[PDB]
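# Geometric and topological summary
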Number of protein chains: 2
Amino acid sequence: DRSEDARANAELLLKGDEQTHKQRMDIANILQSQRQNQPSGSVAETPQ
Amino acid sequence: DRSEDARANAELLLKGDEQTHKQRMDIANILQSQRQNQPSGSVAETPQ
């Protein structure tokens, strides 16, 4: 039990390495679309 | 336990490097869209 307890602790940290970059790219692209909203809204208003 | 805990220290350190870059990329796009919003909305109006 104790071997697989410590194994599952650090396995979740391995998924944490993937999730930090996943959230990074998602937030960055949402903010990229937020930048594209602003010229498009100049011609005629459109929400984000 | 201590072998896997040792491996976990390295994974926590990798997340430390990742989370710094996540803070650099996200903040950069927030500020870039914030400065561009004001000239765009001066043409007519646009939300951010």
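Residues numbered from 1 in each chain as written, not as in the entry; some residues may be left out. Chains lettered and ligands numbered in written order. Part of a larger assembly, values for the part shown. Heavy atoms only, no water.

Its PDB header attributes the entry to cryo-EM and lists the resolution as 10.5 Å.

Chain A has the name Portal protein in the PDB entry, where Enterobacteria phage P22 is given as its organism.

Let's shift gears to the overall build of chain A. The helix and strand tally for chain A stands at 1 helix and 0 strands. Along the three orthogonal principal directions, the C-alpha set of chain A runs to about 65 × 15 × 5 Å. Buried positions account for 29% of the 48 residues belonging to chain A. Of the roughly 3,400 Å² that chain A leaves accessible, carbon and sulfur atoms contribute 50%. Of the charged side chains in chain A, 6 are positive and 8 negative, and the gap between their average positions amounts to 3 Å. (Helix = DSSP H or I, 4+ residues; strand = E, 2+ residues; numbered from the N terminus. Buried < 20%, exposed > 50% of the residue type's maximum accessible area, 1.4 Å probe, protein only. Areas by Shrake-Rupley, 256 points an atom, 1.4 Å probe, with all protein chains shown as cover. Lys, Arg positive; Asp, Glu negative; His and termini not counted. Charge placed at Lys NZ, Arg CZ, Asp CG, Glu CD.)

Residue and element names in this part refer to chain B. Residues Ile27, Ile30 and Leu31 make up a contiguous nonpolar surface patch of roughly 250 Å² in combined accessible area. Secondary-structure assignment places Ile27 in helix α1 (residues 2–40). On the basis of relative accessibility, which here comes to 43%, the residue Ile27 falls in the partly exposed class. (Patch = residues over 30% accessible without salt bridge, like charges linked within 9 Å, V, L, I, M, F, W, Y side chains within 5 Å. Salt bridge = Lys/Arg side-chain N within 4 Å of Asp/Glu carboxyl O.)

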